[PDB]
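Input: a single structure, listed below in structure tokens.
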Amino acid sequence: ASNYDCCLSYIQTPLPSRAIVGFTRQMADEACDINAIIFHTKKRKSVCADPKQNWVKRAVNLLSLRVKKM
């Protein structure tokens with residue numbers, strides 16, 4: 001096992017969604033072989049955070065209802 005070369009660079013530091021302005025979902029196939037969360041904080045470029053965290057899943061969660069009509 002080893003860290004892949006997903007987006008620019010994996011989320012070297014998982015920050016709270018309180019600093020996440022925007023984000024998107026990243027599929028496992030392209031430059032990434034795994035799932036990652038293309039974060040777009042207000043003080044950090046496109047961040048790639050694997051959807052296996054509490055902070056990530058929290059940000060992706062609000063999105064799960066956002067990118068899913070109900």
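Ligands are numbered from 1 in the order shown, residues from 1 within each chain, and chains are lettered A, B, ... in the order they appear in the structure tokens.
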Task: Long-range neighbours of range 32-45 of chain A as a ChimeraX atom specification, 7 Å cut-off, only C-alpha atoms, 5 positions minimum in chain - done: /A:4-7,19-27,50-51,56
How about saving the chosen residues, C-alpha atoms kept, as a compact mmCIF listing (two decimals), in the first residue's frame?
# COMPACT_ATOMS: atom_id res chain seq x y z
CA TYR A 4 -1.55 7.60 -4.78
CA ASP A 5 -1.09 10.74 -6.91
CA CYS A 6 -4.73 11.92 -7.05
CA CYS A 7 -5.31 15.70 -7.42
CA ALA A 19 -13.15 26.71 6.28
CA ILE A 20 -14.59 24.88 3.22
CA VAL A 21 -16.33 27.35 0.94
CA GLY A 22 -16.85 24.91 -1.95
CA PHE A 23 -15.98 21.38 -3.05
CA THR A 24 -16.76 18.58 -5.49
CA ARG A 25 -16.73 14.78 -5.77
CA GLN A 26 -13.78 12.92 -7.29
CA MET A 27 -14.22 9.47 -8.77
CA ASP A 50 -10.48 10.74 0.79
CA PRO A 51 -14.25 10.23 1.62
CA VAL A 56 -14.90 15.11 4.65
From a DSSP pass on the backbone, collect the residues of chain A flagged as helix (DSSP H, G or I) and hand them back as a PDB file with N, CA, C and O atoms, in the first residue's frame.
ATOM      1  N   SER A  17     -14.883  21.803   7.878  1.00  0.00           N
ATOM      2  CA  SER A  17     -15.798  22.313   6.842  1.00  0.00           C
ATOM      3  C   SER A  17     -16.171  23.795   7.026  1.00  0.00           C
ATOM      4  O   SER A  17     -16.453  24.486   6.061  1.00  0.00           O
ATOM      5  N   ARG A  18     -15.930  24.296   8.238  1.00  0.00           N
ATOM      6  CA  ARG A  18     -16.068  25.715   8.601  1.00  0.00           C
ATOM      7  C   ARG A  18     -15.125  26.630   7.784  1.00  0.00           C
ATOM      8  O   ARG A  18     -15.300  27.848   7.739  1.00  0.00           O
ATOM      9  N   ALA A  19     -14.108  26.030   7.168  1.00  0.00           N
ATOM     10  CA  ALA A  19     -13.152  26.706   6.275  1.00  0.00           C
ATOM     11  C   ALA A  19     -13.349  26.327   4.797  1.00  0.00           C
ATOM     12  O   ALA A  19     -12.731  26.904   3.906  1.00  0.00           O
ATOM     13  N   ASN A  54     -14.505  12.057   8.923  1.00  0.00           N
ATOM     14  CA  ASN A  54     -15.706  12.678   9.522  1.00  0.00           C
ATOM     15  C   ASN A  54     -15.941  14.106   9.009  1.00  0.00           C
ATOM     16  O   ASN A  54     -17.047  14.437   8.612  1.00  0.00           O
ATOM     17  N   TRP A  55     -14.850  14.834   8.807  1.00  0.00           N
ATOM     18  CA  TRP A  55     -14.884  16.217   8.301  1.00  0.00           C
ATOM     19  C   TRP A  55     -15.268  16.239   6.817  1.00  0.00           C
ATOM     20  O   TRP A  55     -16.211  16.903   6.405  1.00  0.00           O
ATOM     21  N   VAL A  56     -14.618  15.334   6.076  1.00  0.00           N
ATOM     22  CA  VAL A  56     -14.895  15.114   4.648  1.00  0.00           C
ATOM     23  C   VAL A  56     -16.350  14.702   4.470  1.00  0.00           C
ATOM     24  O   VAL A  56     -17.074  15.402   3.767  1.00  0.00           O
ATOM     25  N   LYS A  57     -16.696  13.554   5.044  1.00  0.00           N
ATOM     26  CA  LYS A  57     -18.050  13.009   4.935  1.00  0.00           C
ATOM     27  C   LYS A  57     -19.061  14.086   5.343  1.00  0.00           C
ATOM     28  O   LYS A  57     -20.052  14.207   4.654  1.00  0.00           O
ATOM     29  N   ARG A  58     -18.742  14.924   6.328  1.00  0.00           N
ATOM     30  CA  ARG A  58     -19.599  16.050   6.764  1.00  0.00           C
ATOM     31  C   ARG A  58     -19.809  17.078   5.655  1.00  0.00           C
ATOM     32  O   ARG A  58     -20.939  17.426   5.329  1.00  0.00           O
ATOM     33  N   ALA A  59     -18.710  17.429   4.991  1.00  0.00           N
ATOM     34  CA  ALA A  59     -18.765  18.369   3.864  1.00  0.00           C
ATOM     35  C   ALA A  59     -19.480  17.751   2.661  1.00  0.00           C
ATOM     36  O   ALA A  59     -20.514  18.264   2.238  1.00  0.00           O
ATOM     37  N   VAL A  60     -19.108  16.513   2.340  1.00  0.00           N
ATOM     38  CA  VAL A  60     -19.756  15.714   1.282  1.00  0.00           C
ATOM     39  C   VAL A  60     -21.227  15.455   1.633  1.00  0.00           C
ATOM     40  O   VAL A  60     -22.070  15.391   0.758  1.00  0.00           O
ATOM     41  N   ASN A  61     -21.547  15.394   2.917  1.00  0.00           N
ATOM     42  CA  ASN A  61     -22.906  15.141   3.422  1.00  0.00           C
ATOM     43  C   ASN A  61     -23.844  16.261   2.993  1.00  0.00           C
ATOM     44  O   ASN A  61     -24.813  16.021   2.267  1.00  0.00           O
ATOM     45  N   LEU A  62     -23.514  17.483   3.386  1.00  0.00           N
ATOM     46  CA  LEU A  62     -24.271  18.668   2.946  1.00  0.00           C
ATOM     47  C   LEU A  62     -24.412  18.733   1.419  1.00  0.00           C
ATOM     48  O   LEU A  62     -25.492  18.994   0.907  1.00  0.00           O
ATOM     49  N   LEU A  63     -23.367  18.262   0.724  1.00  0.00           N
ATOM     50  CA  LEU A  63     -23.394  18.070  -0.733  1.00  0.00           C
ATOM     51  C   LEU A  63     -24.321  16.949  -1.181  1.00  0.00           C
ATOM     52  O   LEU A  63     -24.915  17.038  -2.229  1.00  0.00           O
ATOM     53  N   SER A  64     -24.329  15.851  -0.442  1.00  0.00           N
ATOM     54  CA  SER A  64     -25.145  14.660  -0.744  1.00  0.00           C
ATOM     55  C   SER A  64     -26.600  15.073  -0.890  1.00  0.00           C
ATOM     56  O   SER A  64     -27.182  14.735  -1.903  1.00  0.00           O
ATOM     57  N   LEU A  65     -27.041  16.028  -0.077  1.00  0.00           N
ATOM     58  CA  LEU A  65     -28.387  16.611  -0.190  1.00  0.00           C
ATOM     59  C   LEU A  65     -28.444  17.749  -1.245  1.00  0.00           C
ATOM     60  O   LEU A  65     -29.489  18.028  -1.825  1.00  0.00           O
ATOM     61  N   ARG A  66     -27.303  18.389  -1.485  1.00  0.00           N
ATOM     62  CA  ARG A  66     -27.149  19.466  -2.488  1.00  0.00           C
ATOM     63  C   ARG A  66     -27.173  18.913  -3.928  1.00  0.00           C
ATOM     64  O   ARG A  66     -27.995  19.339  -4.736  1.00  0.00           O
TER      65      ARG A  66
END
Task: DSSP strand (DSSP E or B) selection over chain A, as a list in words - done: residues 10, 22, 23, 24, 25, 26, 36, 37, 38, 39, 40, 47, 48 and 49 of chain A
Restricting it to N, CA, C and O atoms, dump the selection as an mmCIF file, in the first residue's frame.
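Result went into selection.cif, see below:
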data_model
loop_
_atom_site.group_PDB
_atom_site.id
_atom_site.type_symbol
_atom_site.label_atom_id
_atom_site.label_comp_id
_atom_site.auth_asym_id
_atom_site.auth_seq_id
_atom_site.Cartn_x
_atom_site.Cartn_y
_atom_site.Cartn_z
ATOM 1 N N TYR A 10 -2.896 15.194 -2.123
ATOM 2 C CA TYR A 10 -3.834 14.789 -1.055
ATOM 3 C C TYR A 10 -3.887 15.854 0.041
ATOM 4 O O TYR A 10 -2.998 16.697 0.175
ATOM 5 N N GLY A 22 -16.344 25.716 -0.833
ATOM 6 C CA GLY A 22 -16.853 24.910 -1.950
ATOM 7 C C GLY A 22 -16.050 23.619 -1.998
ATOM 8 O O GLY A 22 -15.130 23.411 -1.205
ATOM 9 N N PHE A 23 -16.553 22.723 -2.837
ATOM 10 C CA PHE A 23 -15.979 21.384 -3.054
ATOM 11 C C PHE A 23 -16.764 20.591 -4.098
ATOM 12 O O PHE A 23 -17.901 20.938 -4.420
ATOM 13 N N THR A 24 -16.172 19.470 -4.488
ATOM 14 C CA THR A 24 -16.762 18.578 -5.494
ATOM 15 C C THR A 24 -16.333 17.136 -5.212
ATOM 16 O O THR A 24 -15.489 16.853 -4.348
ATOM 17 N N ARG A 25 -16.991 16.226 -5.908
ATOM 18 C CA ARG A 25 -16.726 14.783 -5.770
ATOM 19 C C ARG A 25 -15.728 14.320 -6.836
ATOM 20 O O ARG A 25 -15.811 14.701 -8.002
ATOM 21 N N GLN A 26 -14.789 13.496 -6.392
ATOM 22 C CA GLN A 26 -13.778 12.924 -7.289
ATOM 23 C C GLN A 26 -13.901 11.401 -7.284
ATOM 24 O O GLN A 26 -13.749 10.728 -6.268
ATOM 25 N N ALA A 36 -11.795 10.776 -3.729
ATOM 26 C CA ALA A 36 -11.324 11.963 -2.998
ATOM 27 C C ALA A 36 -12.301 13.119 -3.123
ATOM 28 O O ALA A 36 -13.220 13.099 -3.946
ATOM 29 N N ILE A 37 -12.202 14.039 -2.182
ATOM 30 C CA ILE A 37 -13.132 15.173 -2.105
ATOM 31 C C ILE A 37 -12.362 16.413 -2.486
ATOM 32 O O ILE A 37 -11.472 16.817 -1.735
ATOM 33 N N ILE A 38 -12.684 16.832 -3.697
ATOM 34 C CA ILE A 38 -12.095 18.024 -4.313
ATOM 35 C C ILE A 38 -12.614 19.277 -3.587
ATOM 36 O O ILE A 38 -13.513 19.951 -4.067
ATOM 37 N N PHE A 39 -12.120 19.489 -2.380
ATOM 38 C CA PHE A 39 -12.378 20.679 -1.565
ATOM 39 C C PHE A 39 -11.912 21.948 -2.256
ATOM 40 O O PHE A 39 -10.964 21.935 -3.026
ATOM 41 N N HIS A 40 -12.545 23.048 -1.886
ATOM 42 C CA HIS A 40 -12.263 24.378 -2.446
ATOM 43 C C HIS A 40 -12.475 25.414 -1.339
ATOM 44 O O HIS A 40 -13.415 26.205 -1.324
ATOM 45 N N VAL A 47 -8.446 20.907 -2.883
ATOM 46 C CA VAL A 47 -7.906 19.940 -1.918
ATOM 47 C C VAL A 47 -8.509 18.573 -2.243
ATOM 48 O O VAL A 47 -9.690 18.466 -2.484
ATOM 49 N N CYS A 48 -7.703 17.538 -2.081
ATOM 50 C CA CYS A 48 -8.197 16.172 -2.308
ATOM 51 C C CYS A 48 -8.210 15.375 -1.005
ATOM 52 O O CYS A 48 -7.174 15.015 -0.450
ATOM 53 N N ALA A 49 -9.407 15.104 -0.531
ATOM 54 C CA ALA A 49 -9.559 14.431 0.758
ATOM 55 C C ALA A 49 -10.387 13.164 0.647
ATOM 56 O O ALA A 49 -11.550 13.203 0.280
#
